[PDB]
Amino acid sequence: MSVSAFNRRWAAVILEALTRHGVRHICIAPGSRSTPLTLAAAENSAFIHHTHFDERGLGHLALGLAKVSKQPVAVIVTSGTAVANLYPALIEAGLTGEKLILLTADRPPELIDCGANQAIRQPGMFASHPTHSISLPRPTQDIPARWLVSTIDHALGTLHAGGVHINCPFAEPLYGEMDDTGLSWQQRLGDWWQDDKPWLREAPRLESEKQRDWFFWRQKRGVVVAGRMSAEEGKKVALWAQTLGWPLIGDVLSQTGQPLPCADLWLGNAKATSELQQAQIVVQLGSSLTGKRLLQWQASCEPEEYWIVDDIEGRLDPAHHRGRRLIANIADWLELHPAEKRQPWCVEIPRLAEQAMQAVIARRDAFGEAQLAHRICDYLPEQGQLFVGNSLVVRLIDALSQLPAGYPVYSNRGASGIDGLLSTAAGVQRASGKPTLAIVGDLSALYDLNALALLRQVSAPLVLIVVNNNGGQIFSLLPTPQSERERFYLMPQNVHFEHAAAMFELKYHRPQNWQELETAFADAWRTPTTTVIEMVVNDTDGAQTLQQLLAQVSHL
């Protein structure tokens, strides 16, 4: 009888099904059409509920939660442009693997394409970017609950990685007292309601087989390239490469400890590239490599075989080498393909990597962003985690710093968007509960400025450094044309962030030297709150310092 009650029973089946697939966090934005989903979620004690008013930030909050927790994270939004705002986080998850379950409320079919307020065409609106897309039908008791739970169980059970779009039409009325409408329909699932497993268990595993010629290849002159992986995987790859005697080029995202640091500099030296020409195999673990010199060496190298091991699917070599694309958990893969103790074969590169780091150390004193990046390993919070933003900061840390093995690093380096970094950092913090150091640029902080609202609730100290070099100074590193550079690339906004911090009652510091920065750090780590530290630096110093160091090391 009651449409409002049955809507809520239909939604309750959806939300309960998700709990059987490890969904603990759910991120909710406000609306009316989403009422069946939101009330079902609110009443379900299995969830940790997060809220936000900007649906783009909400999606990135979920992305950060999923990024750290490695579990699917659910999102509820109302119909209309609220749904469209989820696209950035969904795209990023498609590239880096976070499992975002998007429950997007919709108008019913009779209110689409007829000029109805806040009604748009939602099925298929994210095109190929979700891993799975479910377009639910208009709720009716004539479709059994077992169909509804089975379709959700199929999508979640077979989800290797990436987002699921579940479009959820509901017709009005949405409000009213709940009666027993739909209760007997739910009860057809029997004691599934008291169970802890899916209704339909469908969870095939996707994994490459053991490489039967690994004992042959591990005796060749190999190179190990370490991209984005877990903190524990970084430590395991470091030990494996060291045992093989193969040089390890470790990305900032790898947590390997970077035994040959400043690769972005020493890969610019022809003697290093000449030595690497002797490599017969390159084994890359992880992907989304950061530095320009590494991407160029990767594109130019011609080993007999190039292997990429990673748990994300599809091609990951943008240079299309002859070789292998091996889908596996990296730690499992190393156990299936163990190292053999062998004599290291590289002689020149260890020399160059040491000289390169010494060159950077020689320039450590200036109060600039390149120096902050180089020294950042000295400021990492104990038992904490680093969230590195995009543009210059990730490149400068990668090029100039040596991060410790196993120290967790998080980032959005699939599509490398500057649109969701503060809200992602908030989710990264909330997921692990660890003290967090987050570093972003000024345009990045402006882009996601209203996510400072989220950072009013952190469970451990979060230090947000905003490097303010007055524009996107990556475009002073790139060879952009000087005449159009300021207006059409750098886009300086000529702001500071003291008022943004004050708006959201967040502590703020603008340190003018290292002593004041260290004082700010010391105070910030003492309370479970977010502290904003604005480092104001001369626009082009960081880019020019990197260029100068590249040149210096290339001439060694």
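All residue numbers refer to positions in the sequence shown, first residue = 1.
query = Is the mean CA B factor in the deposited entry higher across 266 to 274 or across 243 to 251?
reply = Mean CA B-factor is higher for 266 to 274.
**Item:** Average Cα temperature factor in the PDB entry - higher stretch of 350 to 358, 320 to 328
**Value:** It is 350 to 358.
Of the options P72, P137, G389, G190, which has the highest CA B factor as deposited? Of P72, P137, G389, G190, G190 has the highest C-alpha B-factor.
According to the deposited entry, which of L100, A453, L86, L174 has the largest Cα B-factor? In the PDB entry, the greatest C-alpha B-factor among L100, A453, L86, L174 is found at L174.
(Q) How does the C-alpha B factor of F126 compare with the rest of the chain: lowest, middle or highest third? (A) Within its chain, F126 is a lowest-third residue by C-alpha B-factor, going by the deposited values.
Checklist entry - Thinking about Cα B factors across the chain, which third does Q402 belong to? => result Its C-alpha B-factor belongs to the highest third of this chain's values.
Assigned third (lowest, middle, highest) for the C-alpha B factor of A17: Answer is lowest: the recorded C-alpha B-factor places it there.
Next on the checklist: Quick check on the deposited entry: does the C-alpha B-factor of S184 sit in the lowest, middle or highest third of its chain?
Outcome noted: Within its chain, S184 is a highest-third residue by C-alpha B-factor, going by the deposited values.
By its CA B factor, does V495 count among the lowest, middle or highest third of the modelled residues in the chain? Within its chain, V495 is a middle-third residue by C-alpha B-factor, going by the deposited values.
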